[PDB]
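The file coords_6.json comes next; it holds JSON, C-alpha atoms and all ligand atoms.
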```
[["chain", "number", "residue", "atom", "x", "y", "z"],
["R", 2, "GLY", "CA", 0.00, 0.00, 0.00],
["R", 3, "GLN", "CA", 2.47, 2.72, 1.18],
["R", 4, "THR", "CA", 5.19, 0.24, 0.00],
["R", 5, "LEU", "CA", 3.83, 0.40, -3.56],
["R", 6, "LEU", "CA", 3.41, 4.24, -3.47],
["R", 7, "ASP", "CA", 7.19, 4.41, -2.69],
["R", 8, "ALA", "CA", 8.22, 1.59, -5.15],
["R", 9, "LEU", "CA", 6.46, 3.19, -8.15],
["R", 10, "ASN", "CA", 7.54, 6.80, -7.34],
["R", 11, "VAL", "CA", 3.94, 8.06, -6.95],
["R", 12, "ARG", "CA", 3.74, 11.89, -7.05],
["R", 13, "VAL", "CA", 0.67, 14.03, -6.32],
["R", 14, "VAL", "CA", 0.99, 17.70, -7.41],
["R", 15, "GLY", "CA", -1.31, 20.56, -8.28],
["R", 16, "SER", "CA", -3.71, 23.01, -6.60],
["R", 17, "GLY", "CA", -7.03, 21.71, -8.10],
["R", 18, "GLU", "CA", -9.70, 19.42, -6.56],
["R", 19, "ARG", "CA", -10.56, 17.31, -9.69],
["R", 20, "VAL", "CA", -8.16, 14.33, -9.98],
["R", 21, "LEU", "CA", -6.16, 13.74, -13.20],
["R", 22, "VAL", "CA", -3.98, 10.61, -13.54],
["R", 23, "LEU", "CA", -1.09, 10.80, -16.04],
["R", 24, "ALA", "CA", 0.17, 7.27, -16.85],
["R", 25, "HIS", "CA", 3.24, 6.97, -19.09],
["R", 26, "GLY", "CA", 3.75, 4.30, -21.77],
["R", 27, "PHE", "CA", 6.39, 1.95, -23.14],
["R", 28, "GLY", "CA", 9.99, 3.09, -22.82],
["R", 29, "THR", "CA", 9.40, 6.18, -20.61],
["R", 30, "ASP", "CA", 8.83, 7.09, -16.96],
["R", 31, "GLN", "CA", 6.56, 9.78, -15.48],
["R", 32, "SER", "CA", 9.15, 12.43, -16.63],
["R", 33, "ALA", "CA", 7.62, 12.12, -20.15],
["R", 34, "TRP", "CA", 4.76, 14.36, -18.75],
["R", 35, "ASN", "CA", 7.16, 17.23, -17.73],
["R", 36, "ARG", "CA", 6.49, 19.42, -20.81],
["R", 37, "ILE", "CA", 2.64, 19.39, -20.46],
["R", 38, "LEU", "CA", 2.39, 19.08, -16.63],
["R", 39, "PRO", "CA", 2.42, 22.85, -15.84],
["R", 40, "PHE", "CA", -0.78, 23.39, -17.90],
["R", 41, "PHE", "CA", -2.78, 21.11, -15.49],
["R", 42, "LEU", "CA", -1.50, 22.21, -12.04],
["R", 43, "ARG", "CA", -4.04, 25.07, -11.39],
["R", 44, "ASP", "CA", -7.24, 23.11, -12.29],
["R", 45, "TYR", "CA", -6.32, 19.52, -11.24],
["R", 46, "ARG", "CA", -4.81, 17.36, -8.50],
["R", 47, "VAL", "CA", -2.39, 15.42, -10.75],
["R", 48, "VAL", "CA", -1.32, 11.87, -9.89],
["R", 49, "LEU", "CA", 1.78, 10.52, -11.65],
["R", 50, "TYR", "CA", 3.50, 7.15, -11.21],
["R", 51, "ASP", "CA", 6.05, 4.88, -12.87],
["R", 52, "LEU", "CA", 5.08, 1.48, -14.31],
["R", 53, "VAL", "CA", 7.02, -1.32, -12.56],
["R", 54, "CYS", "CA", 9.14, -1.79, -15.75],
["R", 55, "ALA", "CA", 10.42, 1.84, -15.73],
["R", 56, "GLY", "CA", 14.20, 2.28, -15.26],
["R", 57, "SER", "CA", 13.45, 4.60, -12.27],
["R", 58, "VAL", "CA", 11.92, 1.59, -10.39],
["R", 59, "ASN", "CA", 14.15, -0.87, -8.51],
["R", 60, "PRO", "CA", 14.47, -3.96, -10.76],
["R", 61, "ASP", "CA", 13.87, -6.19, -7.67],
["R", 62, "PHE", "CA", 10.14, -5.14, -7.97],
["R", 63, "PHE", "CA", 9.91, -6.69, -11.49],
["R", 64, "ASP", "CA", 8.43, -10.13, -10.68],
["R", 65, "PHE", "CA", 8.81, -12.03, -14.01],
["R", 66, "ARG", "CA", 6.33, -14.78, -12.92],
["R", 67, "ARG", "CA", 3.69, -12.14, -12.06],
["R", 68, "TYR", "CA", 3.99, -9.53, -14.85],
["R", 69, "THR", "CA", 3.20, -11.94, -17.80],
["R", 70, "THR", "CA", -0.07, -10.11, -18.75],
["R", 71, "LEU", "CA", -1.53, -6.63, -18.28],
["R", 72, "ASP", "CA", -3.75, -7.76, -15.35],
["R", 73, "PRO", "CA", -1.08, -7.23, -12.58],
["R", 74, "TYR", "CA", -0.27, -3.78, -14.02],
["R", 75, "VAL", "CA", -4.00, -3.02, -13.53],
["R", 76, "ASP", "CA", -3.72, -4.34, -9.93],
["R", 77, "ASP", "CA", -0.83, -1.85, -9.29],
["R", 78, "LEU", "CA", -2.77, 1.13, -10.75],
["R", 79, "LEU", "CA", -5.93, 0.37, -8.71],
["R", 80, "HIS", "CA", -3.86, -0.28, -5.50],
["R", 81, "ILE", "CA", -2.30, 3.24, -5.94],
["R", 82, "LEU", "CA", -5.66, 4.96, -6.50],
["R", 83, "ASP", "CA", -7.20, 3.11, -3.49],
["R", 84, "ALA", "CA", -4.16, 3.97, -1.26],
["R", 85, "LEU", "CA", -4.57, 7.68, -2.25],
["R", 86, "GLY", "CA", -8.31, 7.55, -1.40],
["R", 87, "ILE", "CA", -9.33, 8.52, -4.97],
["R", 88, "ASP", "CA", -13.07, 7.84, -5.59],
["R", 89, "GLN", "CA", -13.17, 9.22, -9.17],
["R", 90, "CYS", "CA", -10.63, 10.56, -11.66],
["R", 91, "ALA", "CA", -9.96, 11.37, -15.30],
["R", 92, "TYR", "CA", -7.20, 9.06, -16.62],
["R", 93, "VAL", "CA", -4.66, 9.70, -19.40],
["R", 94, "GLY", "CA", -2.71, 6.68, -20.71],
["R", 95, "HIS", "CA", -0.03, 6.58, -23.39],
["R", 96, "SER", "CA", 0.46, 3.29, -25.31],
["R", 97, "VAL", "CA", 0.47, 0.32, -22.87],
["R", 98, "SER", "CA", -1.08, 2.60, -20.15],
["R", 99, "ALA", "CA", -4.09, 3.17, -22.48],
["R", 100, "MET", "CA", -4.75, -0.61, -22.37],
["R", 101, "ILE", "CA", -4.12, -0.77, -18.57],
["R", 102, "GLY", "CA", -6.72, 2.04, -18.18],
["R", 103, "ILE", "CA", -9.27, 0.14, -20.33],
["R", 104, "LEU", "CA", -8.88, -3.03, -18.19],
["R", 105, "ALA", "CA", -9.00, -0.93, -14.96],
["R", 106, "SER", "CA", -12.29, 0.72, -16.09],
["R", 107, "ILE", "CA", -13.84, -2.74, -16.76],
["R", 108, "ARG", "CA", -12.93, -3.80, -13.17],
["R", 109, "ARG", "CA", -13.99, -0.44, -11.62],
["R", 110, "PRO", "CA", -16.63, 1.22, -13.88],
["R", 111, "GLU", "CA", -17.28, 4.03, -11.27],
["R", 112, "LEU", "CA", -13.61, 5.09, -10.75],
["R", 113, "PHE", "CA", -13.03, 6.81, -14.17],
["R", 114, "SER", "CA", -15.17, 9.75, -15.43],
["R", 115, "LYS", "CA", -13.31, 9.40, -18.80],
["R", 116, "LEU", "CA", -10.26, 7.73, -20.37],
["R", 117, "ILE", "CA", -7.89, 9.65, -22.63],
["R", 118, "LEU", "CA", -5.90, 7.19, -24.83],
["R", 119, "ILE", "CA", -2.71, 8.47, -26.55],
["R", 120, "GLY", "CA", -0.82, 6.36, -29.12],
["R", 121, "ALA", "CA", -3.12, 3.44, -28.19],
["R", 122, "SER", "CA", -3.46, 0.11, -30.02],
["R", 123, "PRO", "CA", -5.33, -3.04, -28.89],
["R", 124, "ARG", "CA", -3.24, -5.21, -31.27],
["R", 125, "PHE", "CA", -0.01, -4.63, -33.28],
["R", 126, "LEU", "CA", -0.17, -7.89, -35.29],
["R", 127, "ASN", "CA", -2.13, -8.05, -38.56],
["R", 128, "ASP", "CA", -5.20, -10.45, -38.55],
["R", 129, "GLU", "CA", -7.54, -11.49, -41.41],
["R", 130, "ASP", "CA", -9.77, -8.34, -41.27],
["R", 131, "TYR", "CA", -7.48, -6.18, -39.03],
["R", 132, "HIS", "CA", -4.42, -3.97, -39.75],
["R", 133, "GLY", "CA", -2.27, -3.57, -36.63],
["R", 134, "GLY", "CA", 0.83, -2.56, -38.64],
["R", 135, "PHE", "CA", 3.13, -5.61, -38.10],
["R", 136, "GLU", "CA", 3.56, -9.19, -39.34],
["R", 137, "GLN", "CA", 4.88, -11.75, -36.74],
["R", 138, "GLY", "CA", 8.28, -11.83, -38.56],
["R", 139, "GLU", "CA", 8.64, -8.03, -38.09],
["R", 140, "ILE", "CA", 7.87, -8.26, -34.34],
["R", 141, "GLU", "CA", 10.39, -11.19, -34.07],
["R", 142, "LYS", "CA", 13.11, -8.96, -35.70],
["R", 143, "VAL", "CA", 12.50, -6.29, -32.98],
["R", 144, "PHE", "CA", 13.00, -8.86, -30.15],
["R", 145, "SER", "CA", 16.12, -10.27, -31.90],
["R", 146, "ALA", "CA", 17.67, -6.76, -32.41],
["R", 147, "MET", "CA", 16.86, -5.77, -28.76],
["R", 148, "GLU", "CA", 18.56, -8.93, -27.46],
["R", 149, "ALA", "CA", 21.65, -8.74, -29.81],
["R", 150, "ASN", "CA", 22.60, -5.10, -29.06],
["R", 151, "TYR", "CA", 20.28, -3.13, -26.77],
["R", 152, "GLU", "CA", 22.13, 0.21, -27.33],
["R", 153, "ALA", "CA", 21.95, -0.14, -31.17],
["R", 154, "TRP", "CA", 18.24, -1.07, -30.89],
["R", 155, "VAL", "CA", 17.44, 2.06, -28.74],
["R", 156, "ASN", "CA", 19.44, 4.37, -31.07],
["R", 157, "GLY", "CA", 17.50, 3.04, -34.12],
["R", 158, "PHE", "CA", 14.05, 2.91, -32.46],
["R", 159, "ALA", "CA", 13.86, 6.23, -30.54],
["R", 160, "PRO", "CA", 13.99, 8.45, -33.69],
["R", 161, "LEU", "CA", 11.41, 6.22, -35.48],
["R", 162, "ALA", "CA", 9.04, 6.43, -32.47],
["R", 163, "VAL", "CA", 9.44, 10.22, -32.15],
["R", 164, "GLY", "CA", 9.02, 10.38, -35.98],
["R", 165, "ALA", "CA", 9.25, 14.19, -36.33],
["R", 166, "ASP", "CA", 12.73, 15.79, -36.39],
["R", 167, "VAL", "CA", 12.75, 16.98, -32.73],
["R", 168, "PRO", "CA", 16.21, 16.11, -31.38],
["R", 169, "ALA", "CA", 15.30, 17.04, -27.75],
["R", 170, "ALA", "CA", 12.41, 14.49, -27.86],
["R", 171, "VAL", "CA", 14.73, 11.76, -29.33],
["R", 172, "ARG", "CA", 17.31, 12.44, -26.53],
["R", 173, "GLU", "CA", 14.55, 12.43, -23.79],
["R", 174, "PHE", "CA", 12.99, 9.13, -25.03],
["R", 175, "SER", "CA", 16.42, 7.47, -25.58],
["R", 176, "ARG", "CA", 17.41, 8.40, -21.96],
["R", 177, "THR", "CA", 14.37, 6.58, -20.44],
["R", 178, "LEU", "CA", 14.87, 3.51, -22.73],
["R", 179, "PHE", "CA", 18.59, 3.32, -21.72],
["R", 180, "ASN", "CA", 17.55, 3.57, -18.01],
["R", 181, "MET", "CA", 15.53, 0.29, -18.41],
["R", 182, "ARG", "CA", 17.23, -3.07, -17.66],
["R", 183, "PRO", "CA", 17.47, -4.77, -21.11],
["R", 184, "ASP", "CA", 16.00, -8.15, -19.96],
["R", 185, "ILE", "CA", 12.99, -6.19, -18.53],
["R", 186, "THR", "CA", 12.55, -4.19, -21.78],
["R", 187, "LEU", "CA", 12.57, -7.44, -23.82],
["R", 188, "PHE", "CA", 10.11, -9.19, -21.46],
["R", 189, "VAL", "CA", 7.70, -6.18, -21.45],
["R", 190, "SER", "CA", 8.04, -5.87, -25.28],
["R", 191, "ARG", "CA", 6.89, -9.54, -25.62],
["R", 192, "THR", "CA", 3.91, -8.74, -23.28],
["R", 193, "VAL", "CA", 2.92, -5.62, -25.27],
["R", 194, "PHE", "CA", 3.84, -6.38, -28.90],
["R", 195, "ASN", "CA", 2.00, -9.78, -28.79],
["R", 196, "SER", "CA", -1.04, -8.40, -26.78],
["R", 197, "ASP", "CA", -4.65, -8.61, -28.04],
["R", 198, "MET", "CA", -7.17, -6.33, -26.26],
["R", 199, "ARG", "CA", -9.82, -6.42, -29.07],
["R", 200, "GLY", "CA", -12.17, -8.84, -27.27],
["R", 201, "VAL", "CA", -12.68, -6.67, -24.14],
["R", 202, "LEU", "CA", -13.18, -3.22, -25.76],
["R", 203, "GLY", "CA", -17.00, -3.48, -25.82],
["R", 204, "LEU", "CA", -17.05, -3.98, -21.99],
["R", 205, "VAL", "CA", -15.86, -0.34, -21.49],
["R", 206, "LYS", "CA", -18.79, 1.97, -20.63],
["R", 207, "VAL", "CA", -16.99, 5.24, -19.74],
["R", 208, "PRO", "CA", -16.35, 7.83, -22.45],
["R", 209, "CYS", "CA", -13.00, 7.45, -24.29],
["R", 210, "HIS", "CA", -11.09, 10.24, -26.08],
["R", 211, "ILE", "CA", -8.71, 8.63, -28.62],
["R", 212, "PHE", "CA", -5.71, 10.82, -29.60],
["R", 213, "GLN", "CA", -4.17, 9.67, -32.90],
["R", 214, "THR", "CA", -1.45, 11.23, -35.09],
["R", 215, "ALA", "CA", -1.51, 11.15, -38.92],
["R", 216, "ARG", "CA", 1.81, 9.20, -39.04],
["R", 217, "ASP", "CA", 2.59, 6.98, -36.02],
["R", 218, "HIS", "CA", 5.33, 4.32, -36.52],
["R", 219, "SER", "CA", 3.55, 1.86, -34.11],
["R", 220, "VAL", "CA", -0.17, 2.73, -34.68],
["R", 221, "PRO", "CA", -1.84, 2.87, -38.09],
["R", 222, "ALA", "CA", -4.48, 5.62, -38.26],
["R", 223, "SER", "CA", -7.23, 2.97, -38.87],
["R", 224, "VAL", "CA", -6.65, 1.65, -35.31],
["R", 225, "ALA", "CA", -8.11, 4.93, -33.94],
["R", 226, "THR", "CA", -11.41, 4.40, -35.85],
["R", 227, "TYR", "CA", -11.35, 0.72, -34.81],
["R", 228, "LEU", "CA", -11.17, 1.88, -31.13],
["R", 229, "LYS", "CA", -13.94, 4.49, -31.72],
["R", 230, "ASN", "CA", -16.23, 1.77, -33.19],
["R", 231, "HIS", "CA", -15.42, -1.02, -30.64],
["R", 232, "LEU", "CA", -15.01, 0.70, -27.22],
["R", 233, "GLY", "CA", -18.45, 0.32, -25.58],
["R", 234, "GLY", "CA", -19.05, 3.93, -24.40],
["R", 235, "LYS", "CA", -19.33, 7.40, -26.01],
["R", 236, "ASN", "CA", -16.06, 7.84, -27.99],
["R", 237, "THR", "CA", -14.37, 10.93, -29.47],
["R", 238, "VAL", "CA", -11.33, 10.82, -31.82],
["R", 239, "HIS", "CA", -8.83, 13.70, -31.56],
["R", 240, "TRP", "CA", -6.89, 13.78, -34.84],
["R", 241, "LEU", "CA", -3.42, 15.31, -34.52],
["R", 242, "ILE", "CA", -2.29, 16.10, -38.10],
["R", 243, "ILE", "CA", 1.44, 15.71, -37.23],
["R", 244, "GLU", "CA", 3.95, 12.88, -37.24],
["R", 245, "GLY", "CA", 4.96, 10.79, -34.22],
["R", 246, "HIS", "CA", 4.06, 8.28, -31.50],
["R", 247, "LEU", "CA", 5.07, 10.53, -28.53],
["R", 248, "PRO", "CA", 3.25, 13.87, -28.99],
["R", 249, "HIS", "CA", 3.66, 14.71, -25.22],
["R", 250, "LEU", "CA", 7.43, 14.93, -26.04],
["R", 251, "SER", "CA", 7.40, 16.17, -29.70],
["R", 252, "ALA", "CA", 4.23, 18.42, -29.86],
["R", 253, "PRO", "CA", 3.52, 19.34, -26.22],
["R", 254, "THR", "CA", 1.72, 22.67, -26.85],
["R", 255, "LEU", "CA", -0.72, 21.03, -29.31],
["R", 256, "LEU", "CA", -1.11, 17.98, -27.09],
["R", 257, "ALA", "CA", -1.83, 20.10, -23.93],
["R", 258, "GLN", "CA", -4.42, 22.20, -25.85],
["R", 259, "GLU", "CA", -6.18, 19.02, -27.07],
["R", 260, "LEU", "CA", -6.04, 17.42, -23.59],
["R", 261, "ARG", "CA", -7.67, 20.61, -22.05],
["R", 262, "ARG", "CA", -10.50, 20.27, -24.68],
["R", 263, "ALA", "CA", -10.92, 16.51, -24.00],
["R", 264, "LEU", "CA", -11.10, 17.10, -20.19],
["R", 265, "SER", "CA", -13.78, 19.82, -20.61],
["L", 301, "MG", "MG", 10.47, 11.17, -42.23]]
```
Spit out the file's structure as structure tokens when you get a sec.
Ligand SMILES: [Mg+2]
Amino acid sequence: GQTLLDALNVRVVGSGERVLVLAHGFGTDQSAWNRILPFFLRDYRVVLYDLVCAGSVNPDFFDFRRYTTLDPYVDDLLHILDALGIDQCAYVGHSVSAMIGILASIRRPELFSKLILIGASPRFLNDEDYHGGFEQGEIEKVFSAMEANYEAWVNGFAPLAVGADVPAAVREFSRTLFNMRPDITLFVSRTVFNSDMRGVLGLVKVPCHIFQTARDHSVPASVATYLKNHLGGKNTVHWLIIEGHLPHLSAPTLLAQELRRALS
């Protein structure tokens, strides 16, 4: 309870009464929110934390037997919100944290007033009638490259994920990937890149705001309309006509403006 608040570097900041949870995605820690955070401090009580796989978390907390699916990540998120006495919040999740939020809302339909999903995909692998963006052989090459030379893999991947030519964003993202223990990054990548959340989307009943860029290395644009059509509540797509997977790093003014609109 307090042990987990300390383990996952939980931070609560801001002068507002309405609770806003900012949950980082794959390859980052809560520092990925630094550029947009100031724009939410007056109107919100902002909760930030690190996923157990973040480089900022002691690797002794990464229980390989436990963290084989997204369900225990959901257990950690809900244990934090319960320990903080949060009855209701708005939740923002980037990439894997979008899927953790979805599963959390199915378990606790009353806890979230809305989900904001950034760079979200329920499935990366192509299927008969479904474009996720990747064939199994392409995902296997990522795992093989990661294992063979982690530094070379990070240096090649970070600029593709950022997409746009924003060197400060490439450096920021590379730093958090390099902070991660390589066996943990590979394990988490197998969890995420092989995931399939499609079957549970219709169980969500809270409103979802789906933020999608026009050119995201990891998320075809058609996944955003798939999410709009398959999540079970009232859904809004926020099109960002820019390039990249990490708009909170590469387009923070535009992202903060869109997040303010989604939260109103
Ligand atoms: Mg280009």
Just the residues within 9 Å of residue 59 of chain R, please, counting only C-alpha atoms, with nothing from its chain fewer than 4 positions along; format it as a VMD selection string.
chain R and resid 8 to 9 53 to 55 63
Env of residue 190 of chain R: 9 Å cut, atoms = all atoms listed in the file, seq-sep filter 4 positions within chain, self excluded. Answer as a PDB file with C-alpha atoms, keeping the file's coordinate frame.
```pdb
ATOM      1  CA  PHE R  27       6.390   1.950 -23.140  1.00  0.00           C
ATOM      2  CA  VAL R 143      12.500  -6.290 -32.980  1.00  0.00           C
ATOM      3  CA  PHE R 144      13.000  -8.860 -30.150  1.00  0.00           C
ATOM      4  CA  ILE R 185      12.990  -6.190 -18.530  1.00  0.00           C
ATOM      5  CA  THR R 186      12.550  -4.190 -21.780  1.00  0.00           C
ATOM      6  CA  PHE R 194       3.840  -6.380 -28.900  1.00  0.00           C
ATOM      7  CA  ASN R 195       2.000  -9.780 -28.790  1.00  0.00           C
TER       8      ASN R 195
END
```
Kindly work out which residues sit at most 9 Å from ligand MG 301 (chain L), using only C-alpha atoms and all ligand atoms, and give the list as an NGL selection string.
:R and (161 or 164-166 or 244)
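In this model, the gap between atom CA of residue 97 of chain R and atom CA of residue 134 of chain R comes to 16.0 Å.
Among the candidates R:247, R:37, R:187, R:103, the residue lying nearest to residue 232 of chain R is R:103 (atoms considered: only C-alpha atoms).
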Work out where the centre of an axis-aligned box around every listed atom of segment 223-227 of chain R lies and how long its edges are once 3 Å is added on each side; give both in Å to one decimal as AutoDock Vina command-line options.
```
--center_x -9.0 --center_y 2.8 --center_z -36.4 --size_x 10.8 --size_y 10.2 --size_z 10.9
```
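In this comparison, which uses all atoms listed in the file, the residue of R:21, R:167, R:121, R:263 approaching residue 199 of chain R most closely is R:121.
Using only C-alpha atoms, the shortest contact distance between residue 119 of chain R and any of R:243, R:24, R:264, R:159 is found at R:24.
Taking atom CA of residue 208 of chain R as the reference point, atom CA of residue 117 of chain R is found at 8.7 Å.
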Which residues come within 9 Å of residue 253 of chain R, counting all atoms listed in the file, excluding same-chain residues fewer than 5 positions away, as a VMD selection string?
chain R and resid 36 to 37 248 258
Distance of atom CA of residue 115 of chain R from atom CA of residue 233 of chain R, expressed in Å to one decimal place:
12.4 Å
Best match for closeness to residue 149 of chain R among R:111, R:246, R:183, R:230, counting all atoms listed in the file:
R:183
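Residue nearest residue 123 of chain R, chosen from R:240, R:50, R:227, R:41 and counting only C-alpha atoms: R:227.
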